[PDB]
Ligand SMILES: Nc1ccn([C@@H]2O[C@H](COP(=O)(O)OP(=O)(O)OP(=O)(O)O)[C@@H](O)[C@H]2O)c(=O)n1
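In the form deposited without the named molecule, a lone chain appears below as C-alpha cells.
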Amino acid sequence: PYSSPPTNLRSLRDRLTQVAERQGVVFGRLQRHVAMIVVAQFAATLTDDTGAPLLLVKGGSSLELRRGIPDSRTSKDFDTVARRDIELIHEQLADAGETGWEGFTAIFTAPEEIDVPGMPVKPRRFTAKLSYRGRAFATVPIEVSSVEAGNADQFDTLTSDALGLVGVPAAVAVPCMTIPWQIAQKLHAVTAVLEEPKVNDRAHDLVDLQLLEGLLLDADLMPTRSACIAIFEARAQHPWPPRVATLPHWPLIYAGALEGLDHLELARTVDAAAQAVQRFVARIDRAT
C-alpha cells in the first residue's frame, strides 16, 4: 500500500516493476497500459457544452479495458472516434496534455491524415509524448476517426486500477465505443478486400471478434445487427453479411495474435477462428 504518489519517474517505474511482478504481467505491457490510461484521462476531459464526451476509445485499448491485460491482445495504438470535432480534437488534446493530469503531461506531434476508403473524412494519426513530473515517460500512437452512423450515440464507461496500484488514486473513467459498433467495424475490417498493392493482414481481428462475442454473453444481437448493417451500408464496399475468408499468409499472423492467451478458450487455428467468426456473423444476421 503506497502512501503517496511517486516522487519522480524513477519511483514510478520501480512501482510499476513491483506491481507487474505481483500481477504476473510483463513490465512493458503494464507500463504501456498506464501510458494509455493517462492519454485516456486527457481524452476524457474533452467534452461538448453539455458535458458529453468528445472522444470515445475503441480498438485494442478498449478491449484491454474491457477484458484486462491478461485476457486481451497486446497492442500499441490508442484508437478513438471523435464524436463531434474535426481538427479541434488535436488542439484540445494538446491543451489537456499541457495542463496535465496527476503529474503526467503530454506533447502531441502534428496530425497526419490517413487515406481510408468508405470514410468521407479521413482518420488522423499522431503521437503523444508523455512525461511524468518533467521527465519523458512513454510515447503513445493515437488514431482519431470520425463518427460513422450511430457509433457515437452511446458509450460504455470503463476503468482500470493500474494507477491506483502505484499510488495515484484519482478515479479513472474512460468513455468507450459500445460493443455492437466494435463488432461491426472489426467484421468490416477483417472481411475487407484491399487494392492490389495493399493486402489485408488483419487476422488479429479474428481474435478480437471472439473476445467481443464472449463479452456479449446472452445479449440480444439486434443492436449488433443494426450496427453491422449501418457500417456496411455507410462504407458502401462489400455487402452485409460478409464471408470470413482467410488469406494464405494469415496462419502465423493469427498465431502471433494468440500470444499470451493460452488460458482462454479460443480457436487455436486460423481456420477454426474463421469458422467461429462466420458462425457469429450468421447469428447476428438471424437476429430480429
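For every residue, the number given is its place in the sequence shown, counted from 1.
Below, we refer to the form solved in complex with the named molecule, which is not included among the displayed structures.
Within 4.5 Å of the named molecule in the entry with it bound, a heavy atom is found for every one of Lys58, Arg202 and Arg235. Look at 95-103, 167-175, 126-134, 184-192: in the entry with it bound, residues with non-hydrogen atoms within 4.5 angstroms of the named molecule sit in 184-192. Exactly one listed residue, out of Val147, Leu215, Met119, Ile107, brings a non-hydrogen atom to within 4.5 Å of the named molecule in the entry with it bound: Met119. With a 4.5 Å cutoff on heavy atoms, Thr74 counts as touching the named molecule in the entry with it bound.
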